[PDB]
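# Sequence unavailable; structure follows:
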Ligand SMILES: Nc1nc2c(ncn2[C@@H]2O[C@H](COP(=O)(O)O)[C@@H](O)[C@H]2O)c(=O)[nH]1
Ligand SMILES: [Zn+2]
Ligand SMILES: [Zn+2]
Ligand SMILES: [Zn+2]
């Protein structure tokens, strides 16, 4: 997602934290003055853009290319040295739950976890290696050029013309999605990446025309919006399991 999608995921999650997870999250956020779960949500993308060390090393952590294998993840194939969103979310969730570490180390893991639960729910973040998650699938959206990746990151969400204050209660108004009964931090990332990949492979997500507009938005913006709500609920359930006892 773009910055707004990330913040909306964190805002949905923040409301669902149990008292124990809320207390620990606020402790970690307190190490960095004026940080909120929303304000840290885009951080990993700024890290990627600005830090030629860890930013460059962590670029692969935002996605996984599994659509050519019909959305069946196998770690040695898509992720050799762990540089993909499935392995990175697993590792960062373990680091976040490690009470032996400093608040500063655990905050850094929280920033990655908040971002990557967001990204792992963006269908194009689990799509084709061939066109790099839709970046190389250029198209015309209204009277403006874009690509399939950007269209799902921010293009469709931007058509609402809402700030977070307008967009958040819209996501919260949706029918509650069916979550797993329990969070498993080590297994859920693969499940989530596979579910997101199946959406990238659904009839019409890749359009049959180069020009698209309202019809595409009308069909797929509600799916983008459902995935933001689902990401937020999944992120709260994960933080509640990892930090909430
Ligand atoms: N699924 C997928 N996403 C990619 C690929 N390369 C880059 N991305 C994603 O596409 C967006 C733009 O990529 P960037 O131009 O920053 O490398 C980011 O959200 C990034 O995670 C790729 O090979 N596969
Ligand atoms: Zn994103
Ligand atoms: Zn993206
Ligand atoms: Zn990202």
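Yep, that arrived. Residues are numbered from 1 along each chain as shown. Ligands and ions are numbered 1, 2, ... in the order given.
# What sits closest to whichever residue of the chain sits closest to ligand 4 if chain neighbours are left out?
When distances are taken as CB to the ion, the chain approaches ligand 4 most closely through residue 62, which lies 3.7 Å from it. Heads up, the C-betas are built off the backbone N, CA and C, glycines and all. When the adjacent residues along the chain are set aside, residue 62 lies closest to residue 119, with 5.1 Å between them (CB to CB, 6 or more residues apart in numbering).
# Quick check: the gap between that neighbour and residue 24.
To residue 24, residue 119 is 23 Å away according to CB to CB, to the nearest Å.
# My read is that residue 47 contacts residue 56, right?
No - counting by CB atoms under 8 Å, residue 47 does not reach residue 56; the two are 9.7 Å apart.
# Please say which of those two ends up with more neighbours.
Here residue 47 and residue 56 are set side by side on neighbour count (other CB atoms under 10 Å), and the busier one is residue 47, at 21 against 11.
# pretty sure that one is in a helix, no?
Yes - secondary structure assignment places residue 47 in a helix (DSSP: H, G, I helix; E, B strand; the rest coil).
# contacting residues for it?
For residue 47, the residues meeting the contact criterion (CB atoms under 8 Å, 6 or more residues apart in numbering) are 54, 55, 58.
# re the thing from before, next, the buried residues of the host helix or strand of the residue nearest to residue 62.
When secondary structure is defined by DSSP states H and E, residue 119 falls within helix 103-120. Buried residues in helix 103-120, counted by 16 or more other CB atoms under 10 Å: 106-120.
# quick check, nearest of the residues you listed to ligand 2?
residue 119 (4.6 Å).
# now that closest one: how far from residue 214?
Counting by CB to CB - residue 119 and residue 214 are separated by 27 Å.
# again, but for residue 220
Residue 220 sits at a distance of 11 Å from residue 214 (criterion: CB to CB).
# Next: residue 231.
With distances taken as CB to CB, residue 231 is found 25 Å from residue 214.
# Share the number of residues neighbouring residue 101, please.
Count around residue 101 with other CB under 10 Å applied: 14.
# actually residue 236, not the one I typed
Residues near residue 236, counting by other CB under 10 Å, number 25.
# which residues touch it?
Residue 236 makes contacts with 12, 13, 14, 15, 16, 17, as judged by CB under 8 Å, 6+ apart.
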